[PDB]
Each structure stands twice: as C-alpha cells, then as structure tokens.
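So that the names make sense, note that chain A is the first sequence line, chain B the second, and so on, each numbered from 1. What's counted below: heavy atoms across the whole structure, side chains too, no hydrogens, waters or symmetry copies.
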Amino acid sequence: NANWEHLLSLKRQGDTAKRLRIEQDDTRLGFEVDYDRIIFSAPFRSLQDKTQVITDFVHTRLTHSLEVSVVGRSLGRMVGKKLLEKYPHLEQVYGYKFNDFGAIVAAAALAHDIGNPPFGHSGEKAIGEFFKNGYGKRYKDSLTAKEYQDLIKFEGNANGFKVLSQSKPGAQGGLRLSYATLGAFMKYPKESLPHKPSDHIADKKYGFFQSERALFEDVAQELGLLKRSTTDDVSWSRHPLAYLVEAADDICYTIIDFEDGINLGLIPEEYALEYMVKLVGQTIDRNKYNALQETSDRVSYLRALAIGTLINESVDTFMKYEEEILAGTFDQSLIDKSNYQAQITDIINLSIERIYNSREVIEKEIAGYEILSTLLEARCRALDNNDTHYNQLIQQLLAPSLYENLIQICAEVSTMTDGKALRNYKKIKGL
Amino acid sequence: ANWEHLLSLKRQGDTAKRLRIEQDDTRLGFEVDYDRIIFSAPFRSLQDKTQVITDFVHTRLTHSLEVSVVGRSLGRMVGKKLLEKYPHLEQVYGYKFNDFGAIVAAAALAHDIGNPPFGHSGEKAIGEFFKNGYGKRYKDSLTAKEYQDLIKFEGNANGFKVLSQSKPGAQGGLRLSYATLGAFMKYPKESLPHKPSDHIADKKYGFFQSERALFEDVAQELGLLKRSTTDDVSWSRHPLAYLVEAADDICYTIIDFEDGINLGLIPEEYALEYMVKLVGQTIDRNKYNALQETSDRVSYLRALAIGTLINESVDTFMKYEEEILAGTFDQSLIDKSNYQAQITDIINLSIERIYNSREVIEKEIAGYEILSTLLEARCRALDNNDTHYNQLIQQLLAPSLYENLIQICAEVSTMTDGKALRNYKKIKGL
Ligand SMILES: [Mn+2]
Ligand SMILES: [Mn+2]
C-alpha cells in the first residue's frame, strides 16, 4: 500500500540528498516553483500559437491549460485540506500544508497538454499512420515491438513527459519538476505494450516512451507507486493526485466545450439551460440569470456554476474512494462516479455532434494529416540520406540511435507551433 | 495608513465586513480574484492581442501571466517579512504570507487588460481623435476632466473600468477584492491636474470620471492617504502597487531584451555584455557554456536577471517600507536599483532596435488608421442614430453624452487586434 509521505516527494532528477518538506523555504516551495518553471518554458509559451479544434483565434490550448490548472488548484486545495485532517501526522511531523496539494495538481494540470501534436487526436493519429502505413513503415524491422508501438500509437501524454524531463547538454532533467508533480502528471503509468491490457482508464493509453522508461522508473520508485505488473512489461498504479488532474481536465473540456459551441453558434442556446439545469439549480440565482441580457454572459454564468458543482462532487468522490486509490484498486475516473453522468453524457454527445463533427473541424483535421505526414517524411528522408544537397537543406531548415532519432523527430514535429508548421510545410511544397 | 485596512477583502456592494479569520482557506477572496480574471472574457481576449511584435508567440496574455508569476513571488517574499515585522497581522487578523502574493499576482495578471490595441500608439490615436479630429466637436459639451479623459485616454484607467463595469445582472464587474484593486492602481489620480509632480504616481492617471465614485469607495475602505490639495482628487499608492509595478518593470525590461535577441533584432553578443553584472554572482559558467542554443542561453540569463531583480526589489521595498506606507516614497522600486545603469542600457537598446524598427513603426502607422476609422463610425452613429447606415453600424459594432463617449472608447480599446482590422475592413468594403 502506498504512503502519502513518499507520494509527496520534492526530489528532482539527479538529486544526491533528500529534500525534507519541513526544511523548505515557503517562499521557494518546490511544488510552487514547478508552476513557474512551466509558465516560463519555451514549450508552454508555444501554446500561444497552437489552436484547439476550433480556430476562432480566442480558443487556444494556452487558455485550456490555464483554466484546467485553475480548476486543478481548487481540487487539490480542498482534497489537500481533507487529507491533512485524515492523516494529521503529515502536517504535525512532515510539515505538509494544504496548498502543497493545490500546487502539485496545478502544475501537472498546467502541463497536461504541453506535448500534444497540433490538430487534436487527429494529430496523434496522423503520426501513427505515418509509421504504420506511410514512409515510416520501413523502420518496423529495425525497432523493438515497444519502440514501434510508441510510434504507430504515438501519444501526446508520453510526448508531454519527454518535454518536461528531456535532458540536453547543459540542462539535465528538463524543467526538473518535483517527482510528486511528475507522478500527478502521469495519468497512464505504463509502457506502450501491452496495448489496453484491461478496461481501466489507466490502461487505455500509455504514459511514457521507451526513451523515458528509465526516467519514470526512478520517479515511480521514489514515490513508491505500486507495481501493477512485473511481467517485464512495467506498469504502476496511478499516483492518487493524478485522479484530480484528470478530473480538472474532464470538467473543463465537458463544460467549456459546451459553452464555446453555444457562443460559436454551433449549438442552439436553448440547450444550455436544458442540459445544465440539474448541475446549477441548487446554486443559481434566478434573478441574476434573467437580468443578464447577453447569451455569452448567461452561458458563462451557467458554466461557472456547473464547474463549481463538479469540483465539489469530485472532492467527495476522491475522499470516499481515497483508500482504494491508495491501494491501486480504484478502476474508474472520478467523473465516472458522478451523479450527473446522465447530464455530462448528453453534454459530451451534443458537443461531438455539433462541434467535433462540424465541417470546419473535420476539414482542419484532414489537412493536418497531410501537413504532419509531409513534415515527417522530409525529416525521415533527411535522416536516411543526410548526404544529398536537398536533405542538407532540409536539415538546416527543420533541425539545425535509430529509435532515439525517430522519437525525437516525432517530439519536434509535435511541438511546432501551427505557424512554423504550416510555413515550413508550405516552403517544402513551394506554396 | 494601516495594513489591516490596506488588506481589505471587501467586494463591491457588500453590506457587512469580511473578516480574514472567517474566510475559507480554499475559497480565499484574494485567490478567487485570480481565478475570476483567468476565466473572464476580457482576459481571454488577450489571446488575440499582440504586444510590440506580431510573431503570434509574443502576446499580451503571456506577458500578463509572467508579470503575475513574478508578482506572486514578490508578494510572497515581501509578505513574510511584513508578517515578521507586524506579527499582529497574522496572530490577530489571520493574514498569511501567501495572501500578499495572491493580491499582487491578481493585480499584475490584470494590469494590461484595458490597454488599447497597437500599444502606446493606440492610446494616442484615441486621444488625437478627440483633441484635433472628429471628436473635437464634443469639447464644449464636456467638463475639463471629462474631455481630458478622452484627449489623454489612458489604458490603465480603462483597465479599472473593465474590472469593475456594472451591467444588468453583473454589478461590480468581476467584483475583485478592494486590496486587489488598490494593488492595481498605479496612478491613484484623476485626469486633471495633468502631471502635477514628477513622481511616477502622477505621470499618468488611473480612473476615468465614470469610475471616480467607485475608486472613492475603494480608497476609503483601504484607508489610502489623500495627497490632493484641491477638489481634484489624488491618493498615495497602495503599497502593493509598488510591487505590481516592479513585476511589470522587471519583465518588460528583461524579457523584451530576451525577445529582441531571439527574434534577431538585437545581436546575441549584447546578452552577456549587458547582463553580466545582473547575473555574475549566480550564473553557473559551465552550465552556460554547455548550452548550445542561443535561445536557451538567453533564457538562462533572463531567469538569473529576474531572480536578481526580484530579490533586490524585495530588499528595496522593506528598506523604504515606512516611507511607502506614509506616501512619501518618490520613486519606483526599480529606480533605486544598483543596476540602474545596466537596466537603462537594456531599455535604450530595446527602444532603438525593437520599438523603432521599421516593422513596428508601420504597425503603429496602420493602427492609427484603424482606430481613427472605428472611432469616427461609432461617433457619427452616436450623433445621427436615425439613418439606415448608422443603425447598421450600431448593430455591427455595439449590439449621457460623456457616458456614451467613454463607453465607445472602452469598446474600441478592448477589441482584439483581429476584430479591429476586420471591422475596419468591412467599414471600407474589403
Ligand atoms: Mn485537456
Ligand atoms: Mn506590462
């Protein structure tokens, strides 16, 4: 069974001595510094020019990441305060405070989208398609089964972990986030294989590439995560705070996708109160709602309330199943146990029908397949014959072990802004 | 002046006091303020608002987030020292060091939220419209202060308006805590008199006549010191305003320099030359030399210089803490820095190579045309709301005379750079 004293590790990669919570300066608390390191990092700043499914210029992945980190800070503060009541020795002996849990969830949430390719899950699938059926199929017999699985099922979560921890000359350990933050980041503590060994949400995807396996082994050992398999296919039970990072993300994309689609016209405004009345009625001020004269103001009032309702419930679900999560025996997400799962489901379904299957979004994702394939092919052909005049040009333009080279090409194409990607694609194509 | 009152948790419309000891620690009013700004439409609109350069990767949103991060750190470090200097603030009123960081962080997060597009040129295009352009005609129908609001339109005062604008069903706007609004107020003065002293608090003004009564309520709750010797009102800065200003000062000095270097406008060699004193005692030379990319090298130096400037600003603040509390502090915290010469060399280099570059002058020249055109259409429709064309302009751009003109200026100010150009193009047929 896992221990909250080890799960709240302040260790950073390469540390030679232990970091005790009591001995920290509260003005420079490890977990809070993690948040700043992310805000100021080049991968986070690049989210300015990375659009979500809809490209209205005011629907960015930076805003999503920001709002997920805010909701995440709330979730972790409230759970953190209840956990210190249950296990008083964590504050009495180890010096932990409730804002520590707030900070861990907030930093992991803030970073949760940092490694995703452009164009959504279509972007991930364009990359996988490239190595499964495109030019990149040629590498299959030179890679291990799990190196190849990293590629053909390329996963933005796992690319995220690489962005946060990648060593470079003069920058060992990447952003060097606290291990507790890295533990909460990891929604899927498993390798690419075996694929979907169970129906648990933690088994649905994978969380780290082969290139990062040794790194997460260090994190998992320090946190004391529970070994879920020892069959040479490593996987662990989720760090408890990872459920809150997931819940914050789930809450935001459920409610705020709905809001956005109402504002963009894709969802008639009538559905707003219809799908959300159960989630708001115990807290809504009817007088205030009927005075608001603008649709955007009405639906954002409803969204603030729906999000408040879901945070409060998610805290309760965590505390109820707290011992099962600590044992690694909790099989669902926090949101899967919500009493509003009927309402959440109808919301998600309407959002899919009217937004994610809208003609604009389908078009952006189809063009994304072509943009990502073209960039991957220019990179891989340059890797294969670095001697030609053209491939040396391509090398100066796009990038000035075989598996490490391929995964790095994937990481770099994935972290390109939409601006650099399209401009470089157009250049390659003569447009 | 008393830190008990300066740290007020009041929200607009309140009928009873808000005791710090009775706040829920997971719903603290100062931290709620941050989240309200983060989720607000005006803050989201900074996504499509460019700063000096249009690279899509230098937005007013990223600047606002980084100023707020540097402000949280300042508020935090200063807060602990204030609480150790004034222990009754914690043992009696229940304030905590994280409270100062939250106030500074919220005020800093919002500090650019009312700024017009196209930078300081945007502000001057709005003023010229009312001083010598079409808007000149209203001068005889407005008090001196009402007109001065227009001819010297100020992004800072527009930000206060945005944070507090009442609308049906939304009294008080974001309803931020009064301590946060105090921390936001860099220029607690009205548009007149114009630059009374050479003090930075008097270089600009901070609230329009439309918001004068709101800030009067704020200044009274917080117990700010009236420094005005006339009917013209003026207050000494809320002490935390010095930290909000310092966070902004540190970020635009160092990060503009970093941006200019990474963009290509400033040669790389100037990085170490201009920042060696700011980083000499904390830089790891082997780490630096091991960094291969210039971007990563300048990021390292930027993090180091900000670290030095934050520490020095905290020390400066506590050194002059009683003078700031008494409203007798005459400078910015960064004005008192030992690296004033390095800072000035850095600012003057950025001015020469970034702010006067051809690409920035053209954007500003174009910004003038865009803002003047939108202002004239809205004002002509205000004057003759009866014609078919002016009703059309009313539906597209906006679906008491001073109230109407200050509103038109606020709306033109908060338009994204994108909406400004598109609406400008429709008004011109493209
Ligand atoms: Mn997300
Ligand atoms: Mn600024």
Problem set entry | Residue pair B/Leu65 / A/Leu66, side-chain heavy-atom distance below 4.5 Å | yes
Seminar exercise, completed: Correct closest heavy-atom pair for A/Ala171 and B/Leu291 would be CB-CD2, 4.5 Å
Problem set entry | Pairing of A/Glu259 and B/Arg44 as salt bridge, 4.0 angstrom limit | yes
Exercise. Which residues satisfy the side-chain hydrogen bond (donor to acceptor under 3.5 Å, both in side chains) test with B/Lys426, sequence neighbours excluded?
Worked result: none
For this session: Identify the heavy atoms of B/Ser45 and A/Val58 that sit nearest to each other, and give their distance.
Result: CA-CG1, 4.5 Å
Exercise. Can you check whether B/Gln47 reaches A/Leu62 side chain to side chain, under 4.5 Å on heavy atoms?
Worked result: no
For this session: Evaluate whether atom NZ of A/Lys162 has more than 12 neighbouring non-hydrogen atoms of other residues, nucleotides or ligands under 6.0 angstrom away.
Result: yes
Problem set entry | Partner set under side-chain hydrogen bond (donor to acceptor under 3.5 Å, both in side chains) for B/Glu84, not counting sequence neighbours | none
Problem set entry | Least distance between heavy atoms, B/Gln292 atom then A/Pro169 atom | NE2-CG, 3.6 Å
Problem set entry | A/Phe98 side, atom CZ; B/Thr26 side, atom OG1 - distance, nearest 0.5 Å | 7.5 Å
Exercise. Looking at side-chain heavy atoms only, is the closest gap between B/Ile38 and A/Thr63 below 4.5 Å?
Worked result: no
Exercise. Do B/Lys80 and A/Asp25 sit within salt-bridge range, that is, some charged N less than 4.0 Å from a carboxylate O?
Worked result: yes
Exercise. So which part of B/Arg72 gets closer than 4.5 Å to some heavy atom of chain A, the side chain, the backbone, both or neither?
Worked result: neither
